[PDB]
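Heads up: the structure comes next, in structure tokens.
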Amino acid sequence: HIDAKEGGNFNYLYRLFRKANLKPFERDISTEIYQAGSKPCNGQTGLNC
Amino acid sequence: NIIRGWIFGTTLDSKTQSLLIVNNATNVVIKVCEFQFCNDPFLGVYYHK
Amino acid sequence: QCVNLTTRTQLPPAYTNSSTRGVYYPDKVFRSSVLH
Amino acid sequence: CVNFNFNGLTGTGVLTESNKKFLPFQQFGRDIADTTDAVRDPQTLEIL
Amino acid sequence: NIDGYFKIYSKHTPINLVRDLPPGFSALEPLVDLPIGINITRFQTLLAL
């Protein structure tokens, strides 16, 4: 009733890709690009980035 | 009184959060912000008569 | 705004020992006249 | 010989004015066996 | 740095020596437990120069 809007409420982000599990009570706002394969990422969203 | 404090973190860049401790004279300051540290960090003034 | 400083020394650091220094409290539990 | 509950620390015994000295933050003391043998009244700061 | 908290324990004793970490027993008391929750891997000292 407060967090939903008729057009959509696109605040409230969440992380999906991390190189290791978080430890207890640890926070992470790293917002880097996460290479998923082995090719370098170069900070650009691409094939495995 | 040349030792003032420490830096704590992983990459010590803006792409990662870090911790800073500076005891200056009256009061100590502890901040967890996103600091872009210099390659050779040190504190500022010493004195001026 | 910050400067770059390189050393003018020509030797690695030395080495000492911590004889019995560095004992802290491993937990916040109040203990009196005991051996833990 | 009442039931007591001081700071969430319950028990059952005889309360009595004590001469023990607590640290300024201490709220209770312990015997050689882990049993509360003295508690500080949080409304009069008195150790008993 | 365990379970999100940054813990500092310190001691301050008066001595007078030249170039020695003086022997003896040392018991450090708790200063602060800060809930900063960050992964910490490296550190560095702040000098007043």
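Read from first to last, the chains carry the letters A, B, C, D and E; within each, the first residue is number 1.
Here is the rule we go by: contacts are C-beta pairs under 8 Å (C-beta built on N, C-alpha and C of every residue); 3 or more make two chains touch, one makes a residue touch a chain.
Comparing chain pairs A-B and C-E by the number of C-beta pairs in contact, the larger count belongs to C-E.
If each chain is reduced to the average of its C-alpha atoms, the one that sits nearest the average of all protein C-alpha atoms is E.
A separation of 38 Å divides the Cα centre of chain C from that of chain D. The mean-CA centres of chain A and chain D are about 52 angstrom from one another, to the nearest whole unit.
Chain B and chain E have Cα centroids lying 15 Å from one another.
Distance between chain A and chain E, defined via averaged C-alpha coordinates, is recorded as 34 Å. Among all residues of chain C, none touch two or more other chains. Chain pairs that touch, as defined above: A-B, A-E, B-C, B-E, C-D, C-E.
Taken together, the chain B residues at the contact with chain A in this complex read 15-17, 34.
The residues of chain E lying in touch with chain C in their complex are 9, 20-21, 23-30.
Interface of chain E with chain A (complex): residues 3-5, 35, 37-39. Here chain A touches chain B in the complex through residues 27, 29-32, going by the rule given at the top. Taken together, the chain C residues at the contact with chain E in this complex read 16-25, 28.
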